[PDB]
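Take a look at the letters that make up each chain.
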Amino acid sequence: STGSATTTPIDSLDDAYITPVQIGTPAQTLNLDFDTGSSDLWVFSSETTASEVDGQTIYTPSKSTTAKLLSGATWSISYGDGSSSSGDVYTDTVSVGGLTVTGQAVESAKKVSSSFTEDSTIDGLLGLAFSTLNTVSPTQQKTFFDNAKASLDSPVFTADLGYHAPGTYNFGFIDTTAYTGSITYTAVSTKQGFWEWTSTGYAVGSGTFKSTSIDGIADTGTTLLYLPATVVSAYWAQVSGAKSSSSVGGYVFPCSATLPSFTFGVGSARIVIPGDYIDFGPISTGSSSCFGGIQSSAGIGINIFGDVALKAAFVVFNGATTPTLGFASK
Ligand SMILES: NCCc1cccnc1
């Protein structure tokens, strides 16, 4: 089997991407944030505290003939940005782009933090990291990809995120028309439960490539590119007037600037992020200070190749017995 679904930016800045997902019988379609940095499939639901729902589409398990309470199971997750959610668990039929998993754990939110409430466009998250990170207790549950894997034509999924445009998540096949040149594959460590890999270096603009190992995670659920302070300083030093602002919470730059590109290494290959991908717009409406798309990972504990980086590539998440990651230009 295979699946193919379009993923769409939630706003004009590509702050996140949503992908329609069918849950239950008859289908209830929710727009989920596919997140290769976590491993829970959770949704706004009929159980979510009413004051914490503001415009989201909800899953109502009582209206699904295939929903079953997973008795005694609870979940609770906290993300790197300080957001969180928790609740109980149903199993139900879940389909993405024509690919169907029966008995998928669908984690129903009883509580969500303010940032989730405030984002009316995101109805939940669909985790695509390794199932070892799944938070369901006392019986840990599998991700949609792990459940689907054995049925897939090939044990892979791909992320093809657009810049200010829709893109695609495919399951079970590699669309050889979706990228240019060849795909370079690189080793993955699953020790922390992430798609963790080591970039071979970077360049800023037309500058020389610096060969240096940068361990980080491929995380579709993180908006920005978070890298070591040395790398990030070298980038922003090439933008007149750019500075790190503690009050704003990162590097900002004059909105009048033309940003240089940023290149990262994948083995001997190179992925170029155009400068425009690094512009996240005015810090507040009408401001001439703009927020940067490359930020320091110093306070995080891990480097994160988020959407800013991934959207510059066609990315293969290879879930074979020994997982690997592939990157191609496009
Ligand atoms: N790997 C990104 C985790 C995440 C998801 C949704 C909101 N905040 C953080």
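Residues numbered from 1 in each chain as written, not as in the entry; some residues may be left out. Heavy atoms only, no water. Residues with missing side-chain atoms left out of burial classes, pairs and counts.

In the annotation of the PDB entry, the chain is listed under the name Endothiapepsin and assigned to Cryphonectria parasitica. Per the PDB record, the entry is named "Endothiapepsin in complex with fragment 189".

Peer 1: Go over the sheet that holds strand β19 (residues 279–282) with me, naming the residues and quoting the values.
Peer 2: Hydrogen bonds along the backbone pair up the strands of a sheet, which may run parallel or antiparallel. Taken in spatial order, the four strands line up as β15-β16-β20-β19 in an open sheet, and their pairing is antiparallel. Taken across any chain shown, the strands that pair with only one partner, and hence form the sheet edges, are β15 (243–245) and β19. Ignoring strand direction, the axes of neighbouring strands in this sheet form an average angle of 40°. Note: β19 against strand β20 (residues 289–292), two bridges, orientation antiparallel. Of the residues in β20, the one forming a bridge with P282 is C290. (Pairing = 2+ DSSP bridges. Helix = DSSP H or I, 4+ residues; strand = E, 2+ residues; numbered from the N terminus. Axes fitted to C-alpha atoms, helices over the stretch in contact; angles between N-to-C directions.)

Peer 1: Give me the lowdown on helix α3 (residues 229–236), citing residues and values where you can.
Peer 2: Among the residues of α3, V231, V232, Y235 and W236 are the ones counted as buried. The arc that holds the buried residues of α3, viewed along the axis, is 125°, so those residues lie on one side. (Buried < 20%, exposed > 50% of the residue type's maximum accessible area, 1.4 Å probe, protein only. Arc of directions from axis to C-beta.)

Peer 1: Any chance you could break down the domain arrangement of the chain for me, citing the residues and the numbers?
Peer 2: Along its sequence, the chain is carved into domain 1 (5–174) and domain 2 (175–330). One C-alpha centre belongs to domain 1, the other to domain 2; they are set 25 Å apart. Each partner contributes to the interface: domain 1 provides 30 residues, whereas domain 2 provides 33 residues. In total, about 2,400 Å² of surface goes out of reach between domain 1 and domain 2, with carbon and sulfur atoms giving 57% of it. (Domains from an automatic or database assignment. Contact = heavy atoms within 4.5 Å. Buried area = accessible area lost by both parts, 1.4 Å probe.)

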